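Here is the structure we will look at.
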Amino acid sequence: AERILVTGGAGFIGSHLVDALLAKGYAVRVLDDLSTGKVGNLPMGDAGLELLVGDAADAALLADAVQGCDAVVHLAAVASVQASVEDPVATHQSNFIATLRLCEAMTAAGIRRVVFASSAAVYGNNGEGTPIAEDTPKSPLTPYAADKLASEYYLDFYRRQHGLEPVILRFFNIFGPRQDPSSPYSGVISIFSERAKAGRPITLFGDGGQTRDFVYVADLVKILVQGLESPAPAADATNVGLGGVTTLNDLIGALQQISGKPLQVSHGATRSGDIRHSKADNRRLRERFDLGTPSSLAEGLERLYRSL
Amino acid sequence: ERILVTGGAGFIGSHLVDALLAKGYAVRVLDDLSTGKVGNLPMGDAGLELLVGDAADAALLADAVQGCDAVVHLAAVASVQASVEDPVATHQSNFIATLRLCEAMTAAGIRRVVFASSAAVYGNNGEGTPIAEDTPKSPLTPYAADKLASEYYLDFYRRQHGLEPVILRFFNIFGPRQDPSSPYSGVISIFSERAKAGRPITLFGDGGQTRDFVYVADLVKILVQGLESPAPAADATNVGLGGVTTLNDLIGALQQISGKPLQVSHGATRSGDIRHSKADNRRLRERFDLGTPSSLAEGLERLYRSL
Ligand SMILES: NC(=O)c1ccc[n+]([C@@H]2O[C@H](COP(=O)([O-])OP(=O)(O)OC[C@H]3O[C@@H](n4cnc5c(N)ncnc54)[C@H](O)[C@@H]3O)[C@@H](O)[C@H]2O)c1
Ligand SMILES: NC(=O)c1ccc[n+]([C@@H]2O[C@H](COP(=O)([O-])OP(=O)(O)OC[C@H]3O[C@@H](n4cnc5c(N)ncnc54)[C@H](O)[C@@H]3O)[C@@H](O)[C@H]2O)c1
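Protein chains in written order, with my numbering: chain R, 36 to 343; chain G, 14 to 320.
As structure tokens, this is what we get:
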């Protein structure tokens, strides 16, 4: 049976991927420093799961972690963009050095396939208000966004120089159960859903006309598995957005209706780094992956709410 | 008034150090002497202070920027091939040094930093075209990716912390003190050293390849202007002349300068080699005072006479 190394596997997206891989019969090895990930996210009783608690930028740890692994999904990163603005030096270790050290360890070990969580943040403000195609000029505005893009560039280098097979996925806005709502910079759906469940007010920054391309985590997991099992994945990046349009006001009304409870909306100012419109051009995604029928926003919110 | 020059002991840096001291600045050099040479510097000049260490060393940078009014950040492992062989080590020199410098400058309240980026950030894009600054990026090596990431971090510190970066993408610089000892040394330093020594040269390909060569003294004038301009633009500026020199042109000009015909061994074209590389230097012409740059023959003659 094949073993998948999942860096960041104890986190939001990672733990769902772990469940899905194990269910398909893979062995899984999680490498996670539990900075935001949680052991309670993992099915620790599954005989197919191994857990290594440590830093994904640690070369000695990666040399151990890759031994006996057949492929990698590289999800470890400090996901809070704001955290990278606060401390560029520390987050650069997690957001880029981990990628570089993983490439070195995979090349030594002879492992080719790595699926990488890049981000729509690499586009910055370019193409705003239009479906963003993958060849849109990049404009990373924070250390996080620059490290995700630099990670792409190094993965492509190891592909050409050393025969790595990277599957570069630029996530748009992923949501669903286990997304941690504890920070003011947690994903807005995790925050809004937590308040609605508790019956407490939410805070809307700006006028609510901002749009995002929301993706339910279960649909992202399908793509991640397919990137692991593809016979010859494309070299260049693929957006993971649906090409959908959801305003924050759309989201407020959908969530309120799902909770069946009234929802107080207090106001805050638009946050300084807030992009107003964000939507993916889904054409490469639809060409390269089988999305089937994705979850609509309502279906995804419902599953999230019904889990809390 | 004092200028920090990281990499000041190297080829471009030491020429800059000469120019800045000649203009009355005090000059502090930070260099690990990996490829820089103390013999490149005017030791014994009362205005020159040399620090030897790693430009990625946080504690050392903190001392180094203290009392400085501006910075020229030239320290890097210039060999693209060295970054291919050792991405981990060269990333410290080619990117981490930039990030640490940003942090040290912010803490000390120093705004102006002139940065040596590279035409390598374009990859093969714009082959056969005047390369404008918005030409799509495609860094092919760790070195090129680190130069581009350096640019992005410099822009973030500008917006978030009031830094004033002057981002310059160098095309093919040449001149005295350019090390010809490596096979991946610049073709002009190699061809000239072999011409002076009367030894054969090796031409990879047909010699129709073209490059936008820039004499080091003209680059130095731009570096100094970047320090002294009152309100520099935020985005990158290509440093090239928009010139077109073939390798066969270069061989002919060296044969005319040396007075003896060069024996030309034929090698196969290098894998991935860009055939035609030319800057669109409109932004340079607009933002800087270029005067009359040295022609290739002028630069070659000045180089050859120095060997
Ligand atoms: N959720 C989104 O909308 C979104 C959008 C774009 C990109 N991403 C990327 O997707 C990946 C997963 O993000 P997530 O939403 O599940 O958030 P998350 O915080 O739940 O997952 C991050 C995980 O990585 C781990 N981690 C962090 N630094 C580490 C280190 N140095 N060593 C080892 N483990 C480390 C954390 O403990 C956590 O388990 C990340 O790379 C993130 O940047 C997510
Ligand atoms: N045509 C060109 O020469 C060219 C083209 C594009 C970019 N550049 C850039 O211009 C700058 C100068 O290059 P150069 O041609 O003068 O080469 P160089 O090797 O002569 O100068 C580089 C200097 O940096 C120093 N250095 C290297 N790593 C260091 C570290 N970790 N800490 C401190 N000092 C360190 C070296 O000792 C040397 O003195 C570099 O940033 C290079 O990447 C040059």
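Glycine residues also receive a C-beta, built at the ideal position from the N, C-alpha and C atoms.
Worksheet entry | Reduced DSSP secondary structure (H/G/I, E/B, other) of G/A89 | coil
### Query
Excluding sequence positions up to five away, which residues of its chain have a Cβ less than 7 angstroms from the Cβ of R/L40?
The beta carbon of R/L40 is closer than 7 angstroms to those of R64, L66, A100, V101, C104 and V107 in its chain, skipping five residues each way along the sequence.
R/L184 beta carbon less than 8 angstroms from that of R/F151
no
_Using a Cβ-Cβ cutoff of less than 6 angstroms, which residues in the same chain neighbour R/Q245 once the five nearest sequence positions on both sides are dropped?_
Around R/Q245, the same chain offers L283 and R311 as residues with beta carbons nearer than 6 angstroms, after the five sequence neighbours per side are excluded.
Distance, G/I201 Cα to G/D70 Cα: 33 angstroms
Cβ-Cβ distance between R/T71 and R/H109 below 8 angstroms: no
Beta carbons nearer than 7 angstroms to chain G: which residues of the region 180-203 of chain R have them?
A181, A185, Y188, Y189, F192 and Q196
Check your understanding: Would the region 188-196 of chain G and the region 248-258 of chain G be scored as touching if the rule is three or more Cβ pairs under 8 angstroms?
Key -> no
key: Straight-line Cα distance separating G/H28 from G/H279   = 34 angstroms
Contact with chain R by G/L33, beta-carbon distance below 8 angstroms
no
Practice item. Mind listing, in chain order, the continuous alpha helix (DSSP H) runs of no fewer than 4 residues lying wholly within the region 210-269 of chain R? Key: 223-233 and 252-264
Discussion item. According to DSSP, is R/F131 part of a helix, a strand, or is it coil?
Written reply: Here R/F131 sits in helix by DSSP.
Exercise for the section: List the residues that DSSP assigns as beta-bridge partners of R/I203. Expected result: The partner list for R/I203 (beta bridge, DSSP) reads R/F151.
**the region 186-207 of chain G: positions lying closer than 9 angstroms to chain R by Cβ** = none
Checklist line | heavy atom of ligand 1 below 7 angstroms from R/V108 C-beta | finding: no
### Message
I want to check one thing, is the minimum distance from the CB of R/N274 to the heavy atoms of ligand 1 below 7 angstroms?
### Response
no
Residue from G/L61, G/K291 and G/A117 whose Cα sits closest to the Cα of G/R15: G/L61
- Message: Less than 8 angstroms between the beta carbons of residue 405 of chain G and G/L74, yes or no?
- Response: For chain G, the structure presents residues 14 to 320; residue 405 of chain G sits outside this window and is missing.
Under 7 angstroms between beta-carbons, which chain G residues line up against R/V120? List them in chain order, please. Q173
field: Simplified DSSP state of R/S301, which is helix, strand or coil
entry: Residue state, collapsed to three classes: strand.
Neighbouring residues, chain G, relative to R/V65 (Cβ below 9 angstroms)
Neighbours of R/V65 across chain G, judged by C-beta separation under 9 angstroms, do not exist; the nearest C-beta is about 24 angstroms away.
G/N294 CB to nearest heavy atom of ligand 2 below 7 angstroms
no
Problem - Opposing strand residues paired with R/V275 [DSSP bridges] - result: According to DSSP, R/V275 bridges with R/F206.
Inset, instruction - Return helix, strand or coil for R/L283, following the three-state DSSP convention. - result: helix
Problem - Under 8 angstroms by beta carbon: chain R residues contacting G/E116 - result: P123 and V124
Q) When the cut-off is 8 angstroms and only beta carbons count, does G/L153 lie next to chain R? A) yes
Quiz prompt | Where R/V252 falls, given that 16 or more other Cβ within 10 Å makes a residue buried | solution = buried
Give me the Cβ distance between G/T148 and G/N138, rounded to the nearest whole Å; I'm assuming they're in contact under 8 angstroms.
Indeed, because the Cβ distance is near 5 angstroms, the residues count as touching under 8 angstroms.
I'd like to confirm something about G/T19: is its beta-carbon nearer than 7 angstroms to some heavy atom of ligand 2, or not? yes
_Host beta strand (DSSP E) of R/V65 (start-end)_ = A62 to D67
Do R/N130 and R/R205 have their C-beta atoms closer together than 8 angstroms? no
Original post:
So is G/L112 in contact with chain R if we call contact Cβ pairs under 8 angstroms?
Top reply: yes
query = Given that R/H127 touches chain G, what residues does it touch there, using C-beta distances under 7 angstroms?
reply = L112
Cutoff 7 angstroms; reference R/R319; Cβ partners in own chain excluding five residues on either side: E169, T273 and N274
Partner residues on chain B for R/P172, Cβ-Cβ distance less than 9 angstroms:
Any reference to chain B falls outside this structure, whose protein chains are R and G.
Report whether the distance from the Cβ of R/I209 to the nearest heavy atom of ligand 1 is below 7 angstroms.
yes
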